[PDB]
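Alright, here's a single protein chain in two forms, structure 1 and structure 2, each given by itself as structure tokens.
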Structure 1
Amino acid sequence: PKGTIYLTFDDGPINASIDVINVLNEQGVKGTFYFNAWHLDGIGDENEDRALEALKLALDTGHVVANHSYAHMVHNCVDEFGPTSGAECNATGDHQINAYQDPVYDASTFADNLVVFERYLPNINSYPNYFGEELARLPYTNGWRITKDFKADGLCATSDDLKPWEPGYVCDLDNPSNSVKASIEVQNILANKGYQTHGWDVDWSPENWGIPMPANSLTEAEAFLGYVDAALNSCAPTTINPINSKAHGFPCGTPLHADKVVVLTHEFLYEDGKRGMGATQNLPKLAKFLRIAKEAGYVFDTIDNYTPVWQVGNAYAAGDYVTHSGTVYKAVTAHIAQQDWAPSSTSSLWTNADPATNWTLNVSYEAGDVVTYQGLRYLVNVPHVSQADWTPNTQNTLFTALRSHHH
């Protein structure tokens, strides 16, 4: 194969998710679904009476369910969040304005999302393809938290004033909006809870979200495969338009991203309704795209395999990344994996390479890294691999507390 496509769908579960899933299942393709549980509660202002049926269908036919927050940060679009807020915000179109405010509360709505999933589907954690606690994507934001050395933030994704498609909109990369700054902190909070977050390379979408009837203006399947081709190994998260879709700081050429294209789309574009004739026009586009992409040599996979799962018998070069029991590790030395030598907090073959910033065991720390431990921040003074006896509060040579006189 020439590469791997990760088809990802945002903002379900809604009635239209069932039609999208039915298209995928007809060709055996598995997608990753970034869900918002407010649709299960019936307050997300979509056709969503079949939301629970859509959630069950995704899980029952092998698609990966991931965490997109409870209500897509719409509490930040209105004065008081309630059952009608999704409709109120749809009437203004103001979703991107002040979309992130208090990052601790905003991050907490990812945790709320899981509480609601597990209420509506009590056996959801018996599904191996339920990744709600481990994989996330931030509303509006092409931001990434993959490894300790693979992060990116959408520095123009959300605004304090104008929508990014309005003519007077200005983004200053050196002084981002307060909403952007808050979304960066949200990324960091999730990473410390063990999430990875994934953005996207290409977006099957209207040119910009100010276009009326945005389901009517979707790229044809053949032209869209051309966009996927152009994104392969070209650092598309940094070059994508419009400016609010860019992932600034994305590490071009990073090995984990080689030969991969993450595709974003939204199931609500595949419905005949308020956004246009999306079912009539775009479900055939999606079906055709699956066929022509496979014919061109792409394979489809889900985001849980984007960072490959550690496997007995695999061959790892020094520096290769895996996940093991949901934690990211980096190989210390080239080796062939054996069943009794899995990655761990004490393994000599691996170090923990989670994108988290709390102090953690068995991390390869570099001078200048900042860790949090027992509620205090410390600078790493000298590179080392952390271990249980070298906690920051006990090692003045390795760490300097940001409140110490040694700083």
Structure 2
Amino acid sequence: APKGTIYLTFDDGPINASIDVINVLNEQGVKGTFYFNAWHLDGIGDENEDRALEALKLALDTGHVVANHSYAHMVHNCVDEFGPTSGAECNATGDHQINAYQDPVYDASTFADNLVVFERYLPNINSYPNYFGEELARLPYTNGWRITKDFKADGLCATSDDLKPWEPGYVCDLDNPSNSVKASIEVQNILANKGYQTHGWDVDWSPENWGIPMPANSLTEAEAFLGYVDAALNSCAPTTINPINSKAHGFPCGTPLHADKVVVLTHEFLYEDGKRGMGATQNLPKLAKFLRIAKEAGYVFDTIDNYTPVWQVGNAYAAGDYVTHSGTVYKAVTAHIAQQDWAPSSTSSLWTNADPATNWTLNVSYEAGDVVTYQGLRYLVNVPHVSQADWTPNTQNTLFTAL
């Protein structure tokens, strides 16, 4: 038996430093989840990205999961007209989390255009089992969560309308949050309706002190960081974390799917000797040590696509157990042994659809007070039922009422 499961996640690649992080993981057989922005493939990301596409292939060919972090990390929302140099301009002012989300519908279509750009550089990318770019996402700067119908969170302080949190006068206020944070929540609901899950994080391997001249140099030591991981296990880390920017407000603490797991967040550019410090010189052995000793401490590493386990012939499932089957979440209705001829489906009596989306869907267990969207209209659930073809919201005056 294992102590728990760590999910190593790496934001904001593929950059030339993705290559070196991958080789450290590959030396120890650990596989990681990589949330990628494809503008590094167009070389407009203002980093070292000569080998970005080489990095993307190395990740896929050595079995790491690739996931959708949007095309340009919402840098169009920081400049006034997004173009080649926008990545460089926005690094001058450092106004990244300021007005990070504005038009939710445009911002969300940035995840769509991400996929179009990947498939253009790696035209055979859909043939990799590891490519989850259509199904797994993470919002820039936001500790947001869309996991199941009953497992969602939101980062209510992750972005700002005016000031940075280290500037005098920054007041957060979860009761009326920033228009940027409001926009970020709409983006998640849009992605959820497209069939995505989104994962935030339990722990952040990041600078303890971003203000420092070389902020990559202040990365937590591995031994100490194993301490933050042991700290975070079953302790509902996303609400207790610091700063209040990276908090996941509304995290369903105690939820069963999160038990015995820790999602670690890091950035590849923290592992590069360069503009942010001695990243490779100081932190690549940090990461190597963390794998050796976290294994010793009793952990097993995995990738986010298994956080929600895949339905498997031969496993015993209990009522209320969550699985994934074709990138769609289901909750067991009936304890049973899963056999090949009754996998989850839109008509299974053994399973109900539990995707965190909000359009009306077949085989969902609706509670009263739920709202669904159907043929462009919003209906409210008057009576708890499991939906089926005959009960479309626009024909069942009893079950649904139009808003």
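When a residue number appears, read it as a position in the sequence of structure 1, where counting begins at 1. Here the rigid core means the biggest group of C-alpha atoms that line up within 1.5 Å when the two forms are laid on top of each other.
Only one candidate in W165, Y105, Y120, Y127 has its Cα displaced by 2 Å or more between structures 1 and 2 after core superposition: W165. After superposing the rigid core, the Cα of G210 is displaced by 2 Å or more between structures 1 and 2. On a core-based overlay, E366 has a Cα shift of 0.2 Å between structures 1 and 2.
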